[PDB]
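Below: one structure, written as structure tokens.
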Amino acid sequence: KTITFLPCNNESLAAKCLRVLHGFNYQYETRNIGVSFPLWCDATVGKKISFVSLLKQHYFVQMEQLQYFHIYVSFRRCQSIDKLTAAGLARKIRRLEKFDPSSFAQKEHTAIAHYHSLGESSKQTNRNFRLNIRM
Amino acid sequence: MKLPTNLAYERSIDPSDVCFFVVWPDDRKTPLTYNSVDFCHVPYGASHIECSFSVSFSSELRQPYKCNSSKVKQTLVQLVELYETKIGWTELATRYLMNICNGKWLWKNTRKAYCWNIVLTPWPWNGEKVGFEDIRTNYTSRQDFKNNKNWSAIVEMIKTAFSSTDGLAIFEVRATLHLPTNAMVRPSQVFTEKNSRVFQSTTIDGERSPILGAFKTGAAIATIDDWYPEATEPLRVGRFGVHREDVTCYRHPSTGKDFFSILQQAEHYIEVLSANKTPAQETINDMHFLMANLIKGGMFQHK
Amino acid sequence: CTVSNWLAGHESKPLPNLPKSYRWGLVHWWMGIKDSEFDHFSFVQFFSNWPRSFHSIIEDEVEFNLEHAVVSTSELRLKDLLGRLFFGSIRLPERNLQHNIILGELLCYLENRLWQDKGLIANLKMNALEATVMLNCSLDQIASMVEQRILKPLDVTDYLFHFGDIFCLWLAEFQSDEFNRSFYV
Amino acid sequence: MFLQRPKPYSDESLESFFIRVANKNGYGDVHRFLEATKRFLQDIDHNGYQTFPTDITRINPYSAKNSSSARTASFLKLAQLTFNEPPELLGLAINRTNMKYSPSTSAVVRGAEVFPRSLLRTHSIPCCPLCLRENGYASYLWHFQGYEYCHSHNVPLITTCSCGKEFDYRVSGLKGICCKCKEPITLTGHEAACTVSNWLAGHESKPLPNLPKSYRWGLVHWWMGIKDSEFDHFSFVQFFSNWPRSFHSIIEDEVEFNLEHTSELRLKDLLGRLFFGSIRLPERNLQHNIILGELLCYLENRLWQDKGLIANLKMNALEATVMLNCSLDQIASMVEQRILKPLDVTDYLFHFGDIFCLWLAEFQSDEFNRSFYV
Ligand SMILES: [Zn+2]
Ligand SMILES: [Zn+2]
């Protein structure tokens, strides 16, 4: 089904829907159901979220009671974009030591094509990351 | 007193661009580079960071650079020669030099630093480069700078530079910043008539390198103004002295203590200084603000 | 029978010793929490566990609102997280924190949580309308404090102010002999 | 930075508290402690760290020009983090407030007490050296005029040592040692000033009335306005010895003075001094504002006597909002629906007996109502 948001921020709201899809897949140990957004426009991810192959989980039911809900292409994570930040460039060098560290050099000119990260976090640790998703 | 149709001075303090370097272990230096928003960070195996620039103190305050009225020209030369005799240059030269000797010209890079050191190399000088080791521990207040072995000899340079028709006083400043691993560095950035931040850069060897600008550095030496009403914190010395966190003007013309209202009272200040009764603190505060804007220079015209 | 002896003006335990103007304000406030008519059984039980029963609601409201937030955690507003409890407890009947124990305890709870959780409460957005409700002032003094900039940023219905700045402006320029922090200490 | 709270006292001033924290934690003086405190507020990313003063004198939040909201955020940050047990430091500071007195005097607030702004000392703070060597700190009462004797030692305060030099404890420590001669200061005995000092301290002093501390300072400011001079300790205690019939004697003499010096008489032409100079001292709580509570008691039994002299006094729409505690929008609404009977706001179209009975109809409160002076 397609869940259409009608109240806002589509970035930090579609990322919450995937965390419920995340925690569902470790209770039941299933990896079949996938996610895609029909309105994947350049300005924003969109207000439409669909799953193909969840609505009985506690998140989607309580959000349904309020005024806001309704309840080919490939969307894959690109973790090379997580390596392009300068905190991630230092993570890359620490592995290669574990050797001249001054022999390395920055790119000084990089171009990035439409990475669309959705911000999420971990529950095993207290640590944050992003969902850099392209077509 | 009227403002003339031509009145302009030159600046008496001339800073330069600040260049950044990366010191590797076994002590070799490499100019810092950055990526492209632009982001600049310390490389991984680096030890610390050098910063270097130069400041001159070159007495342009004594006479106007351009003045089409001989009555207003003689009004300056009485003010500078009476400020020098009655008050002296010890207060302003101390307040300028403390911004060099701590890391005031290192704007947000002092932030989250382990320790930083400043080494001066004054030019009309014999030897033994003046060192300021471990600021944020050793050099906290005004009395901490005065307890240095040679602080009087460097304050008396800037006093001699202002008190002479050819005073020169060149300083070669060099800093040593010990940052955390993969730490931020915040250089200055360009002005675009428009997140989308571009750095100001030069060329050292064959590589781009961030700078901290020459006009940005002079705005950090001249954060002295605290003589305005309330005076919670120092303000960059300027006419109708503004703050830039909040877009406000303290010393507005409605206050009556901007630089253009103190110019009309500059004839009044000569008989106050030529008497024998010591002047009140409020009047001298307006004399410190009068002198610090002539060190800053600028067009002072009208019509 | 306890509430009837409490509304009459006598001491009824565990209900608080309040003036008669304030005892009726709690009954009107309790009808707004349950969003129904007045219940005599749950009213006496709620003040039997005072104040840690009222602390239990505010924790459950901010956990409910954060999970169901429709905007970025930084775009969160004061009406989007504490729009029900804060605005429904300002004037019951007035802001005398010595006797308005609901607003006196809600400001006690939000004082020890301003810059916890990376400043979640202190970064909540506010308008200029709902700034006058908290500060007990007018829109002319708000427009003056953006001229002289005691208050740091005009569209009156625009979200330009943070809750931690409004809370500390009240401790600076808008206390009184009855509406000040010195009662819930 | 990690600190230790000294022995707490609810009457210690704010400037006396930072000296005792610095002396317990091994700093040199208070100049060093505040400069190290500014360094800590920079390290945890406070928005107004750069406005935190290194001067003990300007520490209070009324001193800060625009750092008043950042100063109290700085004071709230220090009490929660840098101490082993959280102190009380906001309760010792002197904040500004929007409360005005009568007619237009501003005010300041310290915890659960509101002070007049004009009675705040700004030149030199007197002290009692006996309290400095027994209690070990300084009190907030030394910052306000009128408090001239000690309320527990009955000794006059000192502003000047025997060698002509002043003694300010904010710059010369809490010990009581002078700066020039480095000696303890020799002291410099009445009863009427001792009663007011024990009354302003918060204790029961007879014949002075049992009032909250916000109201006891309001009577001292009001008594300076009646004599139109400085405060006199002898005539102040004598005036409340004959309460309330001494205050009744003034109002009779004022209305006999303004009648002799009648359908065109205004409220500002007969009772312009006593009524408007007693509305907000600090507020309209007639339970504790005994001046406005007794003046409305006197004018209630004289409304329609002398052919309705008091009840026919003219009023504007400006000075109607002062009595009713409302706005000009509600006044303009009550001439539309005509609960109030007759627009030029500075026009005399209303009578005092109609404004007094409109207040008993539509504008009472739980504190400003007639049921206290009955
Ligand atoms: Zn004493
Ligand atoms: Zn002495």
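Naming works like this for the structure tokens: A, B, ... for the chains as they're shown, residue 1 at the start of each chain, ligands 1 onward in shown order.
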
Residue 90 in chain A environment, 12 Å, only C-alpha atoms, sequence neighbours closer than 3 positions dropped, as number ranges by chain
A: 82-87, 93-97, 101, 104-106; B: 41-46, 181-183

Please save C-alpha atoms of the selected residues as a PDB file, in the first residue's frame.
ATOM      1  CA  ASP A  82      29.643   8.435   3.863  1.00  0.00           C
ATOM      2  CA  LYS A  83      33.347   8.104   3.041  1.00  0.00           C
ATOM      3  CA  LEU A  84      33.471  11.513   1.351  1.00  0.00           C
ATOM      4  CA  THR A  85      33.071  13.412   4.609  1.00  0.00           C
ATOM      5  CA  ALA A  86      36.346  14.338   6.257  1.00  0.00           C
ATOM      6  CA  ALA A  87      35.504  12.421   9.410  1.00  0.00           C
ATOM      7  CA  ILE A  93      43.358   5.962   6.988  1.00  0.00           C
ATOM      8  CA  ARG A  94      43.197   4.313  10.421  1.00  0.00           C
ATOM      9  CA  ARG A  95      42.392   0.965   8.815  1.00  0.00           C
ATOM     10  CA  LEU A  96      45.245   1.291   6.337  1.00  0.00           C
ATOM     11  CA  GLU A  97      47.667   1.865   9.199  1.00  0.00           C
ATOM     12  CA  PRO A 101      50.137   9.334   6.589  1.00  0.00           C
ATOM     13  CA  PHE A 104      47.977  10.972   1.362  1.00  0.00           C
ATOM     14  CA  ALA A 105      46.271  14.106   0.094  1.00  0.00           C
ATOM     15  CA  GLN A 106      42.761  15.430  -0.245  1.00  0.00           C
TER      16      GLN A 106
ATOM     17  CA  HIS B  41      40.393  19.845   8.586  1.00  0.00           C
ATOM     18  CA  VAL B  42      43.707  18.846  10.108  1.00  0.00           C
ATOM     19  CA  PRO B  43      45.259  15.806   8.366  1.00  0.00           C
ATOM     20  CA  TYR B  44      45.466  12.578  10.314  1.00  0.00           C
ATOM     21  CA  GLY B  45      49.111  12.084  11.206  1.00  0.00           C
ATOM     22  CA  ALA B  46      49.716  15.770  11.866  1.00  0.00           C
ATOM     23  CA  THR B 181      42.791  14.590  15.997  1.00  0.00           C
ATOM     24  CA  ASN B 182      40.977  15.595  12.772  1.00  0.00           C
ATOM     25  CA  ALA B 183      39.886  18.938  14.181  1.00  0.00           C
TER      26      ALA B 183
END

Can you work out which residues from chain D touch chain C at a cut-off of 10 Å (counting only C-alpha atoms) and hand them back as an MDAnalysis selection string?
chainID D and resid 61:62 64:74 76:77 80 88 90:91 93:99 107:115 212:215 282:283 365:366

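Here CA of residue 299 in chain B is placed at a distance of 18.4 Å from CA of residue 79 in chain B.
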
Which chains and residue numbers are within 7 Å of ligand 1, counting only C-alpha atoms and all ligand atoms, if I want them as a compact mmCIF listing (two decimals) with N, CA, C and O atoms, in the first residue's frame?
# COMPACT_ATOMS: atom_id res chain seq x y z
N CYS D 128 28.60 46.75 58.07
CA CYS D 128 28.74 46.60 59.51
C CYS D 128 29.89 45.65 59.78
O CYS D 128 29.80 44.45 59.44
N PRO D 129 30.99 46.11 60.40
CA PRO D 129 32.15 45.23 60.61
C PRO D 129 31.93 44.17 61.68
O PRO D 129 32.72 43.22 61.75
N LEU D 130 30.90 44.31 62.52
CA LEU D 130 30.62 43.27 63.51
C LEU D 130 29.98 42.05 62.85
O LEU D 130 30.24 40.92 63.27
N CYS D 131 29.15 42.27 61.83
CA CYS D 131 28.58 41.15 61.10
C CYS D 131 29.62 40.48 60.21
O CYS D 131 29.51 39.28 59.93
N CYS D 150 22.22 48.60 62.03
CA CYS D 150 22.13 47.15 62.04
C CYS D 150 20.92 46.71 62.86
O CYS D 150 20.67 47.23 63.96
N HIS D 151 20.16 45.76 62.32
CA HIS D 151 18.96 45.29 63.00
C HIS D 151 19.25 44.26 64.08
O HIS D 151 18.32 43.85 64.78
N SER D 152 20.51 43.84 64.25
CA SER D 152 20.87 42.90 65.30
C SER D 152 21.99 43.39 66.20
O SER D 152 22.22 42.78 67.25
N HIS D 153 22.70 44.46 65.84
CA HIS D 153 23.74 45.02 66.68
C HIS D 153 23.48 46.46 67.09
O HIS D 153 24.18 46.95 68.00
N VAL D 155 24.13 49.30 65.71
CA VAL D 155 25.30 50.16 65.49
C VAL D 155 25.14 50.81 64.12
O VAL D 155 24.62 50.16 63.19

Using only C-alpha atoms and all ligand atoms, find each residue with an atom at most 12 Å away from ligand 2 and format the answer as a VMD selection string.
chain D and resid 158 to 168 172 176 to 187

Could you save those same residues with N, CA and C atoms as a compact mmCIF listing (two decimals), in the first residue's frame?
# COMPACT_ATOMS: atom_id res chain seq x y z
N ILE D 158 29.05 52.10 58.35
CA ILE D 158 30.24 52.89 58.07
C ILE D 158 30.45 52.97 56.56
N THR D 159 30.79 54.17 56.08
CA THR D 159 31.16 54.40 54.70
C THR D 159 32.58 54.94 54.55
N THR D 160 33.25 55.27 55.64
CA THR D 160 34.55 55.91 55.61
C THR D 160 35.35 55.43 56.82
N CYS D 161 36.61 55.06 56.60
CA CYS D 161 37.49 54.67 57.69
C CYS D 161 37.97 55.90 58.46
N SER D 162 38.80 55.66 59.48
CA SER D 162 39.33 56.75 60.29
C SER D 162 40.38 57.56 59.55
N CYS D 163 40.98 57.01 58.50
CA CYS D 163 41.97 57.72 57.71
C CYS D 163 41.38 58.41 56.48
N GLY D 164 40.06 58.63 56.47
CA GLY D 164 39.41 59.33 55.39
C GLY D 164 39.06 58.49 54.18
N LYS D 165 39.55 57.25 54.10
CA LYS D 165 39.30 56.40 52.96
C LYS D 165 37.99 55.64 53.14
N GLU D 166 37.29 55.42 52.03
CA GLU D 166 36.08 54.62 52.07
C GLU D 166 36.43 53.14 52.16
N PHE D 167 35.45 52.35 52.59
CA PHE D 167 35.61 50.90 52.68
C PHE D 167 34.46 50.24 51.94
N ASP D 168 34.76 49.66 50.79
CA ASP D 168 33.79 48.88 50.02
C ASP D 168 34.23 47.43 50.09
N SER D 172 37.50 45.23 48.78
CA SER D 172 38.45 45.11 49.89
C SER D 172 38.19 43.86 50.73
N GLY D 176 37.27 43.12 56.82
CA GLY D 176 37.05 44.35 57.55
C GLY D 176 38.33 45.13 57.76
N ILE D 177 39.31 44.88 56.90
CA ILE D 177 40.61 45.53 56.95
C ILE D 177 40.65 46.60 55.87
N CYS D 178 41.03 47.82 56.26
CA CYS D 178 41.08 48.94 55.33
C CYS D 178 42.21 48.75 54.32
N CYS D 179 42.20 49.59 53.29
CA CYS D 179 43.19 49.48 52.22
C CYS D 179 44.41 50.37 52.46
N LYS D 180 44.20 51.59 52.93
CA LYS D 180 45.31 52.51 53.13
C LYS D 180 46.07 52.19 54.41
N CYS D 181 45.38 52.18 55.54
CA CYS D 181 46.02 52.01 56.84
C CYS D 181 46.15 50.55 57.26
N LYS D 182 45.58 49.62 56.48
CA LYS D 182 45.43 48.18 56.74
C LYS D 182 45.07 47.83 58.19
N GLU D 183 44.15 48.61 58.77
CA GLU D 183 43.66 48.42 60.12
C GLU D 183 42.16 48.19 60.11
N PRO D 184 41.61 47.51 61.12
CA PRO D 184 40.15 47.46 61.27
C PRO D 184 39.57 48.84 61.55
N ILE D 185 38.38 49.08 61.02
CA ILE D 185 37.77 50.40 61.06
C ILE D 185 37.09 50.60 62.41
N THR D 186 37.40 51.71 63.07
CA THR D 186 36.73 52.07 64.32
C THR D 186 35.29 52.47 64.03
N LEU D 187 34.37 52.04 64.89
CA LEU D 187 32.96 52.35 64.75
C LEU D 187 32.69 53.84 64.93

Output the contact residues of chain B with respect to chain A at a cut-off of 12 Å, based on only C-alpha atoms, as a ChimeraX atom specification.
/B:22-26,28-47,181-184,207-209

Out of chain A, which residues get alpha helix (DSSP H) from DSSP, as an MDAnalysis selection string?
chainID A and resid 11:27 58:65 86:97

At most 12 Å to chain A: residues in chain C, only C-alpha atoms, as a PyMOL selection string
chain C and resi 64-76

How far is it from CA of residue 143 in chain B to CA of residue 103 in chain B, in Å with one decimal?
16.9 Å

DSSP strand (DSSP E) residues within range 26-84 of chain B, as a PyMOL selection string:
chain B and resi 28-31+48-57+66-67

With N, CA, C and O atoms retained, export the selected residues as a PDB file, in the first residue's frame.
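The result, written out as again_31.pdb:
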ATOM      1  N   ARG B  28      58.642  18.691   9.596  1.00  0.00           N
ATOM      2  CA  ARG B  28      58.616  19.301   8.278  1.00  0.00           C
ATOM      3  C   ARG B  28      57.233  19.879   8.026  1.00  0.00           C
ATOM      4  O   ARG B  28      56.229  19.344   8.501  1.00  0.00           O
ATOM      5  N   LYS B  29      57.192  20.987   7.294  1.00  0.00           N
ATOM      6  CA  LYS B  29      56.004  21.817   7.183  1.00  0.00           C
ATOM      7  C   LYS B  29      55.421  21.730   5.783  1.00  0.00           C
ATOM      8  O   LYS B  29      56.153  21.606   4.798  1.00  0.00           O
ATOM      9  N   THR B  30      54.098  21.802   5.706  1.00  0.00           N
ATOM     10  CA  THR B  30      53.339  21.613   4.496  1.00  0.00           C
ATOM     11  C   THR B  30      52.153  22.560   4.590  1.00  0.00           C
ATOM     12  O   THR B  30      51.534  22.656   5.658  1.00  0.00           O
ATOM     13  N   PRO B  31      51.839  23.300   3.526  1.00  0.00           N
ATOM     14  CA  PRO B  31      50.666  24.174   3.572  1.00  0.00           C
ATOM     15  C   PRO B  31      49.371  23.385   3.641  1.00  0.00           C
ATOM     16  O   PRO B  31      49.200  22.368   2.966  1.00  0.00           O
ATOM     17  N   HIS B  48      50.836  19.492  14.841  1.00  0.00           N
ATOM     18  CA  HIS B  48      50.188  20.742  15.204  1.00  0.00           C
ATOM     19  C   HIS B  48      50.076  21.614  13.956  1.00  0.00           C
ATOM     20  O   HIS B  48      50.224  21.128  12.831  1.00  0.00           O
ATOM     21  N   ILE B  49      49.789  22.900  14.155  1.00  0.00           N
ATOM     22  CA  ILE B  49      49.528  23.847  13.073  1.00  0.00           C
ATOM     23  C   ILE B  49      50.275  25.142  13.351  1.00  0.00           C
ATOM     24  O   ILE B  49      50.177  25.692  14.451  1.00  0.00           O
ATOM     25  N   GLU B  50      51.020  25.629  12.360  1.00  0.00           N
ATOM     26  CA  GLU B  50      51.632  26.947  12.418  1.00  0.00           C
ATOM     27  C   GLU B  50      50.722  27.992  11.789  1.00  0.00           C
ATOM     28  O   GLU B  50      49.949  27.701  10.877  1.00  0.00           O
ATOM     29  N   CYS B  51      50.828  29.221  12.284  1.00  0.00           N
ATOM     30  CA  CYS B  51      50.131  30.371  11.724  1.00  0.00           C
ATOM     31  C   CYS B  51      51.100  31.537  11.772  1.00  0.00           C
ATOM     32  O   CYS B  51      51.757  31.731  12.793  1.00  0.00           O
ATOM     33  N   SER B  52      51.202  32.310  10.694  1.00  0.00           N
ATOM     34  CA  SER B  52      52.186  33.384  10.658  1.00  0.00           C
ATOM     35  C   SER B  52      51.695  34.567   9.840  1.00  0.00           C
ATOM     36  O   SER B  52      51.096  34.391   8.779  1.00  0.00           O
ATOM     37  N   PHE B  53      51.982  35.770  10.333  1.00  0.00           N
ATOM     38  CA  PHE B  53      51.621  37.029   9.688  1.00  0.00           C
ATOM     39  C   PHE B  53      52.530  38.110  10.266  1.00  0.00           C
ATOM     40  O   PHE B  53      53.482  37.810  10.991  1.00  0.00           O
ATOM     41  N   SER B  54      52.250  39.372   9.946  1.00  0.00           N
ATOM     42  CA  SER B  54      53.088  40.469  10.409  1.00  0.00           C
ATOM     43  C   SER B  54      52.249  41.720  10.623  1.00  0.00           C
ATOM     44  O   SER B  54      51.266  41.947   9.921  1.00  0.00           O
ATOM     45  N   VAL B  55      52.659  42.536  11.596  1.00  0.00           N
ATOM     46  CA  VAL B  55      51.967  43.765  11.980  1.00  0.00           C
ATOM     47  C   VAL B  55      52.989  44.890  12.062  1.00  0.00           C
ATOM     48  O   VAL B  55      54.070  44.711  12.628  1.00  0.00           O
ATOM     49  N   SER B  56      52.654  46.050  11.496  1.00  0.00           N
ATOM     50  CA  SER B  56      53.454  47.256  11.621  1.00  0.00           C
ATOM     51  C   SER B  56      52.677  48.318  12.388  1.00  0.00           C
ATOM     52  O   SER B  56      51.449  48.336  12.363  1.00  0.00           O
ATOM     53  N   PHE B  57      53.402  49.206  13.067  1.00  0.00           N
ATOM     54  CA  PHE B  57      52.829  50.334  13.804  1.00  0.00           C
ATOM     55  C   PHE B  57      53.556  51.588  13.337  1.00  0.00           C
ATOM     56  O   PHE B  57      54.666  51.853  13.796  1.00  0.00           O
ATOM     57  N   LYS B  66      45.129  64.193   4.334  1.00  0.00           N
ATOM     58  CA  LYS B  66      44.535  65.107   3.366  1.00  0.00           C
ATOM     59  C   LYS B  66      43.588  66.010   4.132  1.00  0.00           C
ATOM     60  O   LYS B  66      42.695  65.501   4.805  1.00  0.00           O
ATOM     61  N   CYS B  67      43.785  67.328   4.066  1.00  0.00           N
ATOM     62  CA  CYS B  67      42.926  68.250   4.815  1.00  0.00           C
ATOM     63  C   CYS B  67      42.994  69.634   4.188  1.00  0.00           C
ATOM     64  O   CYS B  67      44.019  70.307   4.307  1.00  0.00           O
TER      65      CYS B  67
END

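Minimum distance to chain C across B:248, B:223, B:90, B:264 (counting only C-alpha atoms) occurs at B:248.
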
Could you name the residues that touch residue 124 in chain B at 12 Å or less, counting only C-alpha atoms, but leaving out those on the same chain fewer than 4 positions away, as a PyMOL selection string?
chain B and resi 56+129+153-154+156-158+160-161+167-172
